[PDB]
>>> print(open('protein-v5.cif').read())   # mmCIF, N, CA and C atoms
data_start
loop_
_atom_site.group_PDB
_atom_site.id
_atom_site.type_symbol
_atom_site.label_atom_id
_atom_site.label_comp_id
_atom_site.auth_asym_id
_atom_site.auth_seq_id
_atom_site.Cartn_x
_atom_site.Cartn_y
_atom_site.Cartn_z
ATOM 1 N N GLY A 1 -51.077 -7.494 -5.572
ATOM 2 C CA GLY A 1 -52.450 -7.397 -6.141
ATOM 3 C C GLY A 1 -53.271 -6.302 -5.490
ATOM 4 N N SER A 2 -52.856 -5.055 -5.689
ATOM 5 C CA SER A 2 -53.560 -3.912 -5.115
ATOM 6 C C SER A 2 -53.633 -4.020 -3.594
ATOM 7 N N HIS A 3 -52.657 -4.705 -3.005
ATOM 8 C CA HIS A 3 -52.611 -4.880 -1.557
ATOM 9 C C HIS A 3 -53.823 -5.668 -1.066
ATOM 10 N N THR A 4 -53.564 -6.755 -0.347
ATOM 11 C CA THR A 4 -54.633 -7.596 0.179
ATOM 12 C C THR A 4 -54.453 -7.838 1.676
ATOM 13 N N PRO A 5 -55.564 -8.011 2.412
ATOM 14 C CA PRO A 5 -55.525 -8.254 3.859
ATOM 15 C C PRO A 5 -54.833 -9.570 4.200
ATOM 16 N N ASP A 6 -55.049 -10.053 5.420
ATOM 17 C CA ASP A 6 -54.442 -11.313 5.859
ATOM 18 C C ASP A 6 -55.067 -12.493 5.123
ATOM 19 N N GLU A 7 -54.295 -13.562 4.962
ATOM 20 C CA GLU A 7 -54.784 -14.760 4.265
ATOM 21 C C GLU A 7 -54.098 -16.010 4.800
ATOM 22 N N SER A 8 -54.846 -17.108 4.919
ATOM 23 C CA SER A 8 -54.272 -18.341 5.448
ATOM 24 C C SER A 8 -54.132 -19.444 4.412
ATOM 25 N N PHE A 9 -53.071 -20.230 4.572
ATOM 26 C CA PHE A 9 -52.808 -21.354 3.693
ATOM 27 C C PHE A 9 -52.607 -22.614 4.526
ATOM 28 N N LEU A 10 -53.299 -23.680 4.145
ATOM 29 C CA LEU A 10 -53.194 -24.951 4.852
ATOM 30 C C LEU A 10 -52.151 -25.823 4.171
ATOM 31 N N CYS A 11 -50.976 -25.912 4.779
ATOM 32 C CA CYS A 11 -49.885 -26.698 4.204
ATOM 33 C C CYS A 11 -49.946 -28.158 4.638
ATOM 34 N N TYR A 12 -49.408 -29.024 3.785
ATOM 35 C CA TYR A 12 -49.410 -30.463 4.021
ATOM 36 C C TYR A 12 -48.004 -31.049 3.953
ATOM 37 N N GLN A 13 -47.703 -31.958 4.877
ATOM 38 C CA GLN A 13 -46.404 -32.626 4.904
ATOM 39 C C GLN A 13 -46.606 -34.124 5.105
ATOM 40 N N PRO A 14 -45.612 -34.940 4.722
ATOM 41 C CA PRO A 14 -45.679 -36.399 4.850
ATOM 42 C C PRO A 14 -46.170 -36.873 6.218
ATOM 43 N N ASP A 15 -46.201 -35.979 7.207
ATOM 44 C CA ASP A 15 -46.649 -36.368 8.547
ATOM 45 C C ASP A 15 -46.958 -35.153 9.415
ATOM 46 N N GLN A 16 -47.371 -34.052 8.793
ATOM 47 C CA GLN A 16 -47.682 -32.838 9.549
ATOM 48 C C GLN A 16 -48.694 -31.959 8.820
ATOM 49 N N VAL A 17 -49.256 -31.001 9.551
ATOM 50 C CA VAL A 17 -50.232 -30.066 8.993
ATOM 51 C C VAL A 17 -50.047 -28.685 9.620
ATOM 52 N N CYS A 18 -49.986 -27.654 8.783
ATOM 53 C CA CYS A 18 -49.784 -26.293 9.278
ATOM 54 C C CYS A 18 -50.883 -25.345 8.812
ATOM 55 N N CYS A 19 -51.367 -24.520 9.737
ATOM 56 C CA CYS A 19 -52.407 -23.547 9.433
ATOM 57 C C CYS A 19 -51.874 -22.139 9.640
ATOM 58 N N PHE A 20 -51.692 -21.358 8.571
ATOM 59 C CA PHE A 20 -51.193 -19.997 8.781
ATOM 60 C C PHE A 20 -51.924 -18.916 7.995
ATOM 61 N N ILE A 21 -52.192 -17.815 8.715
ATOM 62 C CA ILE A 21 -52.820 -16.602 8.180
ATOM 63 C C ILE A 21 -51.753 -15.529 8.119
ATOM 64 N N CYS A 22 -51.106 -15.350 6.969
ATOM 65 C CA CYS A 22 -50.041 -14.359 6.920
ATOM 66 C C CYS A 22 -50.593 -12.929 6.847
ATOM 67 N N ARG A 23 -49.680 -11.953 6.735
ATOM 68 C CA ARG A 23 -50.024 -10.544 6.637
ATOM 69 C C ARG A 23 -49.002 -9.886 5.693
ATOM 70 N N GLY A 24 -48.978 -10.318 4.413
ATOM 71 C CA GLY A 24 -48.025 -9.780 3.476
ATOM 72 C C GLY A 24 -47.009 -10.812 3.029
ATOM 73 N N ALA A 25 -47.307 -12.104 3.227
ATOM 74 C CA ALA A 25 -46.362 -13.138 2.827
ATOM 75 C C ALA A 25 -47.066 -14.330 2.169
ATOM 76 N N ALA A 26 -46.393 -15.488 2.143
ATOM 77 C CA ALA A 26 -46.957 -16.691 1.543
ATOM 78 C C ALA A 26 -46.611 -17.917 2.385
ATOM 79 N N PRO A 27 -47.067 -19.112 1.973
ATOM 80 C CA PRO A 27 -46.799 -20.344 2.708
ATOM 81 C C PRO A 27 -45.441 -20.951 2.369
ATOM 82 N N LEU A 28 -44.518 -20.920 3.329
ATOM 83 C CA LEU A 28 -43.182 -21.485 3.115
ATOM 84 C C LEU A 28 -43.225 -23.014 3.174
ATOM 85 N N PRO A 29 -42.998 -23.695 2.032
ATOM 86 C CA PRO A 29 -43.016 -25.159 1.970
ATOM 87 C C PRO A 29 -41.723 -25.778 2.493
ATOM 88 N N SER A 30 -41.776 -27.064 2.827
ATOM 89 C CA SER A 30 -40.603 -27.762 3.342
ATOM 90 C C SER A 30 -40.540 -29.204 2.806
ATOM 91 N N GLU A 31 -41.634 -29.985 2.949
ATOM 92 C CA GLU A 31 -41.628 -31.369 2.477
ATOM 93 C C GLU A 31 -43.000 -31.790 1.948
ATOM 94 N N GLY A 32 -43.755 -30.839 1.404
ATOM 95 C CA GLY A 32 -45.079 -31.168 0.865
ATOM 96 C C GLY A 32 -45.659 -30.040 0.037
ATOM 97 N N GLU A 33 -46.958 -29.780 0.185
ATOM 98 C CA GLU A 33 -47.590 -28.706 -0.582
ATOM 99 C C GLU A 33 -48.529 -27.882 0.303
ATOM 100 N N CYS A 34 -49.401 -27.066 -0.308
ATOM 101 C CA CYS A 34 -50.340 -26.241 0.459
ATOM 102 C C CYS A 34 -51.558 -25.894 -0.390
ATOM 103 N N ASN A 35 -52.579 -25.327 0.245
ATOM 104 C CA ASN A 35 -53.806 -24.958 -0.463
ATOM 105 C C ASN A 35 -54.407 -23.673 0.102
ATOM 106 N N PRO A 36 -55.302 -23.024 -0.664
ATOM 107 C CA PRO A 36 -55.954 -21.782 -0.241
ATOM 108 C C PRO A 36 -57.073 -22.023 0.768
ATOM 109 N N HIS A 37 -57.035 -21.281 1.869
ATOM 110 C CA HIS A 37 -58.045 -21.409 2.920
ATOM 111 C C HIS A 37 -58.037 -20.167 3.806
ATOM 112 N N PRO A 38 -59.130 -19.379 3.806
ATOM 113 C CA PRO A 38 -59.226 -18.160 4.611
ATOM 114 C C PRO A 38 -58.521 -18.278 5.962
ATOM 115 N N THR A 39 -59.069 -19.113 6.847
ATOM 116 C CA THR A 39 -58.489 -19.323 8.175
ATOM 117 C C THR A 39 -58.589 -20.798 8.583
ATOM 118 N N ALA A 40 -58.603 -21.072 9.892
ATOM 119 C CA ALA A 40 -58.694 -22.452 10.380
ATOM 120 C C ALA A 40 -59.270 -22.504 11.799
ATOM 121 N N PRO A 41 -60.245 -23.403 12.054
ATOM 122 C CA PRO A 41 -60.872 -23.545 13.373
ATOM 123 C C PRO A 41 -59.965 -24.245 14.384
ATOM 124 N N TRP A 42 -59.021 -25.034 13.881
ATOM 125 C CA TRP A 42 -58.078 -25.747 14.734
ATOM 126 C C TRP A 42 -56.909 -24.820 15.065
ATOM 127 N N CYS A 43 -56.459 -23.993 14.083
ATOM 128 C CA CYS A 43 -55.369 -23.056 14.354
ATOM 129 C C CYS A 43 -55.629 -22.344 15.681
ATOM 130 N N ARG A 44 -56.771 -21.636 15.767
ATOM 131 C CA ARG A 44 -57.131 -20.950 16.999
ATOM 132 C C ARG A 44 -57.420 -21.995 18.085
ATOM 133 N N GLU A 45 -58.028 -23.147 17.707
ATOM 134 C CA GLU A 45 -58.327 -24.187 18.696
ATOM 135 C C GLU A 45 -57.073 -24.632 19.484
ATOM 136 N N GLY A 46 -55.816 -24.353 19.018
ATOM 137 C CA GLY A 46 -54.675 -24.828 19.831
ATOM 138 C C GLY A 46 -53.599 -23.788 20.050
ATOM 139 N N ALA A 47 -53.412 -22.897 19.089
ATOM 140 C CA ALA A 47 -52.392 -21.877 19.209
ATOM 141 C C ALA A 47 -52.975 -20.517 19.552
ATOM 142 N N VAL A 48 -52.821 -19.593 18.634
ATOM 143 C CA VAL A 48 -53.305 -18.220 18.829
ATOM 144 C C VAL A 48 -52.907 -17.309 17.661
ATOM 145 N N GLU A 49 -51.625 -16.932 17.573
ATOM 146 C CA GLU A 49 -51.187 -16.042 16.495
ATOM 147 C C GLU A 49 -49.717 -16.244 16.096
ATOM 148 N N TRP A 50 -49.208 -15.283 15.322
ATOM 149 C CA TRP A 50 -47.835 -15.296 14.798
ATOM 150 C C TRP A 50 -47.408 -13.846 14.527
ATOM 151 N N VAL A 51 -46.591 -13.617 13.488
ATOM 152 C CA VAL A 51 -46.130 -12.259 13.130
ATOM 153 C C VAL A 51 -44.774 -12.303 12.408
ATOM 154 N N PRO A 52 -43.787 -13.019 12.967
ATOM 155 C CA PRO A 52 -42.432 -13.081 12.402
ATOM 156 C C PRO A 52 -42.280 -13.958 11.155
ATOM 157 N N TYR A 53 -42.421 -13.352 9.973
ATOM 158 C CA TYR A 53 -42.232 -14.077 8.719
ATOM 159 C C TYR A 53 -41.240 -13.296 7.855
ATOM 160 N N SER A 54 -40.227 -13.990 7.346
ATOM 161 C CA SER A 54 -39.166 -13.351 6.526
ATOM 162 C C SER A 54 -39.705 -12.223 5.621
ATOM 163 N N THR A 55 -40.485 -12.558 4.575
ATOM 164 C CA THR A 55 -40.998 -11.531 3.659
ATOM 165 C C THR A 55 -42.130 -10.671 4.276
ATOM 166 N N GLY A 56 -42.822 -11.121 5.358
ATOM 167 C CA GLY A 56 -43.907 -10.278 5.895
ATOM 168 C C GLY A 56 -44.351 -10.681 7.315
ATOM 169 N N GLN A 57 -45.490 -10.152 7.833
ATOM 170 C CA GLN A 57 -45.925 -10.536 9.171
ATOM 171 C C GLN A 57 -47.070 -11.519 9.041
ATOM 172 N N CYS A 58 -47.073 -12.587 9.829
ATOM 173 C CA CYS A 58 -48.149 -13.569 9.709
ATOM 174 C C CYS A 58 -48.875 -13.794 11.053
ATOM 175 N N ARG A 59 -49.787 -14.791 11.126
ATOM 176 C CA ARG A 59 -50.533 -15.048 12.376
ATOM 177 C C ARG A 59 -51.230 -16.406 12.320
ATOM 178 N N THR A 60 -50.759 -17.355 13.143
ATOM 179 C CA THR A 60 -51.318 -18.731 13.163
ATOM 180 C C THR A 60 -50.369 -19.707 13.881
ATOM 181 N N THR A 61 -50.533 -21.024 13.647
ATOM 182 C CA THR A 61 -49.675 -22.020 14.305
ATOM 183 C C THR A 61 -49.348 -23.244 13.401
ATOM 184 N N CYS A 62 -48.667 -24.262 13.986
ATOM 185 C CA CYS A 62 -48.296 -25.485 13.271
ATOM 186 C C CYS A 62 -48.396 -26.685 14.207
ATOM 187 N N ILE A 63 -48.637 -27.860 13.638
ATOM 188 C CA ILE A 63 -48.751 -29.085 14.428
ATOM 189 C C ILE A 63 -48.702 -30.322 13.538
ATOM 190 N N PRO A 64 -48.452 -31.501 14.132
ATOM 191 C CA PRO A 64 -48.393 -32.761 13.390
ATOM 192 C C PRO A 64 -49.754 -33.131 12.810
ATOM 193 N N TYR A 65 -49.922 -34.398 12.452
ATOM 194 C CA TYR A 65 -51.181 -34.873 11.899
ATOM 195 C C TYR A 65 -52.213 -35.014 13.020
ATOM 196 N N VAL A 66 -53.068 -36.015 12.915
ATOM 197 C CA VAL A 66 -54.100 -36.254 13.925
ATOM 198 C C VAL A 66 -53.538 -37.029 15.114
ATOM 199 N N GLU A 67 -52.498 -37.818 14.864
ATOM 200 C CA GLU A 67 -51.869 -38.608 15.916
ATOM 201 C C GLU A 67 -51.336 -37.709 17.028
#
>>> encode(input="protein-v5.cif", output="structure tokens")
Amino acid sequence: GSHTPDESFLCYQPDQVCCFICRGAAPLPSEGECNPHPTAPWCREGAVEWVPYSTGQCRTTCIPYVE
């Protein structure tokens, strides 16, 4: 789409939650779905960044539910 900057997707799993801001890629699903979301206050609140994504470079982290 005329090239777009970084973007984050909040994925959902039967018992997990992932926050990722890619850089030329998309949200890789595994056992649930995902939604559109610029970034995440918790992503930075616990991780930091990323980069290694099959189709592109990303930046963010992953973690279980609230438990």
>>> resolve_selection(input="protein-v5.cif", expression="the PyMOL selection byres ((chain A and resi 5) around 6.5)", output="list in words")
residues 3, 4, 6, 7, 22, 23 and 24 of chain A
>>> write_last_selection(input="protein-v5.cif", atoms="N, CA and C atoms", output="CSV table (one decimal), keeping the file's coordinate frame")
chain,number,residue,atom,x,y,z
A,3,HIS,N,-52.7,-4.7,-3.0
A,3,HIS,CA,-52.6,-4.9,-1.6
A,3,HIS,C,-53.8,-5.7,-1.1
A,4,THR,N,-53.6,-6.8,-0.3
A,4,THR,CA,-54.6,-7.6,0.2
A,4,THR,C,-54.5,-7.8,1.7
A,6,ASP,N,-55.0,-10.1,5.4
A,6,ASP,CA,-54.4,-11.3,5.9
A,6,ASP,C,-55.1,-12.5,5.1
A,7,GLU,N,-54.3,-13.6,5.0
A,7,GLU,CA,-54.8,-14.8,4.3
A,7,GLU,C,-54.1,-16.0,4.8
A,22,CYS,N,-51.1,-15.4,7.0
A,22,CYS,CA,-50.0,-14.4,6.9
A,22,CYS,C,-50.6,-12.9,6.8
A,23,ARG,N,-49.7,-12.0,6.7
A,23,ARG,CA,-50.0,-10.5,6.6
A,23,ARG,C,-49.0,-9.9,5.7
A,24,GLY,N,-49.0,-10.3,4.4
A,24,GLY,CA,-48.0,-9.8,3.5
A,24,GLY,C,-47.0,-10.8,3.0
>>> atom_distance(input="protein-v5.cif", atom1="atom N of residue 59 (chain A)", atom2="CA of residue 12 (chain A)")
17.2 Å
>>> atom_distance(input="protein-v5.cif", atom1="atom N of residue 65 (chain A)", atom2="atom C of residue 53 (chain A)")
23.3 Å
>>> atom_distance(input="protein-v5.cif", atom1="CA of residue 14 (chain A)", atom2="CA of residue 66 (chain A)")
12.4 Å
>>> axis_aligned_box(input="protein-v5.cif", around="region 48-63 of chain A", padding_each_side="4 Å", output="lines of an AutoDock Vina configuration file")
center_x = -46.2
center_y = -20.2
center_z = 11.2
size_x = 22.1
size_y = 28.2
size_z = 23.2
>>> closest_residue(input="protein-v5.cif", among="A:55, A:30, A:61, A:35", to="residue 9 (chain A)", atoms="only N, CA and C atoms")
A:35
>>> closest_residue(input="protein-v5.cif", among="A:60, A:16, A:2, A:8", to="residue 36 (chain A)", atoms="only C-alpha atoms")
A:8
>>> select_by_dssp(input="protein-v5.cif", residues="chain A", states="helix (DSSP H, G or I)", output="number ranges by chain")
A: 41-46
>>> write_last_selection(input="protein-v5.cif", atoms="N, CA and C atoms", output="mmCIF file, in the coordinates of the input")
data_model
loop_
_atom_site.group_PDB
_atom_site.id
_atom_site.type_symbol
_atom_site.label_atom_id
_atom_site.label_comp_id
_atom_site.auth_asym_id
_atom_site.auth_seq_id
_atom_site.Cartn_x
_atom_site.Cartn_y
_atom_site.Cartn_z
ATOM 1 N N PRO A 41 -60.245 -23.403 12.054
ATOM 2 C CA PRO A 41 -60.872 -23.545 13.373
ATOM 3 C C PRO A 41 -59.965 -24.245 14.384
ATOM 4 N N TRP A 42 -59.021 -25.034 13.881
ATOM 5 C CA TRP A 42 -58.078 -25.747 14.734
ATOM 6 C C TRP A 42 -56.909 -24.820 15.065
ATOM 7 N N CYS A 43 -56.459 -23.993 14.083
ATOM 8 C CA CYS A 43 -55.369 -23.056 14.354
ATOM 9 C C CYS A 43 -55.629 -22.344 15.681
ATOM 10 N N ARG A 44 -56.771 -21.636 15.767
ATOM 11 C CA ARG A 44 -57.131 -20.950 16.999
ATOM 12 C C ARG A 44 -57.420 -21.995 18.085
ATOM 13 N N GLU A 45 -58.028 -23.147 17.707
ATOM 14 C CA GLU A 45 -58.327 -24.187 18.696
ATOM 15 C C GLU A 45 -57.073 -24.632 19.484
ATOM 16 N N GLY A 46 -55.816 -24.353 19.018
ATOM 17 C CA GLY A 46 -54.675 -24.828 19.831
ATOM 18 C C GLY A 46 -53.599 -23.788 20.050
#
>>> closest_residue(input="protein-v5.cif", among="A:42, A:67, A:1, A:62", to="residue 17 (chain A)", atoms="only N, CA and C atoms")
A:62
>>> decode(input="protein-v5.cif", residues="region 10-54 of chain A", atoms="C-alpha atoms", output="compact mmCIF listing (two decimals), in the first residue's frame")
# COMPACT_ATOMS: atom_id res chain seq x y z
CA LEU A 10 -2.59 -7.34 19.21
CA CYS A 11 -2.97 -11.10 18.82
CA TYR A 12 -5.16 -13.31 20.99
CA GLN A 13 -4.77 -16.96 22.02
CA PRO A 14 -6.79 -19.38 24.21
CA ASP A 15 -4.40 -18.41 27.03
CA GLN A 16 -1.94 -15.80 25.75
CA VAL A 17 -1.58 -12.26 24.40
CA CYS A 18 1.02 -10.86 21.98
CA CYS A 19 1.85 -7.24 21.15
CA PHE A 20 3.89 -6.65 17.99
CA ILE A 21 4.90 -3.62 15.90
CA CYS A 22 6.26 -5.04 12.66
CA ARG A 23 8.31 -3.26 9.97
CA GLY A 24 7.13 -4.75 6.66
CA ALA A 25 5.24 -7.82 7.86
CA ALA A 26 2.00 -9.02 9.50
CA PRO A 27 0.75 -10.85 12.63
CA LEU A 28 1.61 -14.57 12.46
CA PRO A 29 -1.34 -16.48 14.03
CA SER A 30 -1.05 -19.80 15.87
CA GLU A 31 -4.17 -20.63 17.97
CA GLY A 32 -6.41 -17.55 17.88
CA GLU A 33 -6.87 -14.21 16.11
CA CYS A 34 -5.59 -10.59 16.11
CA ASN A 35 -6.69 -6.96 15.79
CA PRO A 36 -5.38 -3.56 14.57
CA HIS A 37 -3.57 -1.45 17.17
CA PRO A 38 -0.82 1.17 16.59
CA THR A 39 1.35 0.08 19.54
CA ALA A 40 1.05 -1.16 23.16
CA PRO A 41 1.84 0.32 26.63
CA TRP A 42 2.49 -3.14 28.07
CA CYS A 43 4.73 -4.26 25.17
CA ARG A 44 7.30 -1.64 26.17
CA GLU A 45 6.22 -2.07 29.84
CA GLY A 46 7.92 -5.55 29.83
CA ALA A 47 9.99 -6.18 26.73
CA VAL A 48 11.56 -3.66 24.38
CA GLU A 49 11.87 -4.56 20.67
CA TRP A 50 12.21 -7.20 17.92
CA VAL A 51 13.37 -7.31 14.24
CA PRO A 52 13.62 -10.98 13.06
CA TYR A 53 10.40 -11.73 11.13
CA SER A 54 10.28 -14.15 8.15
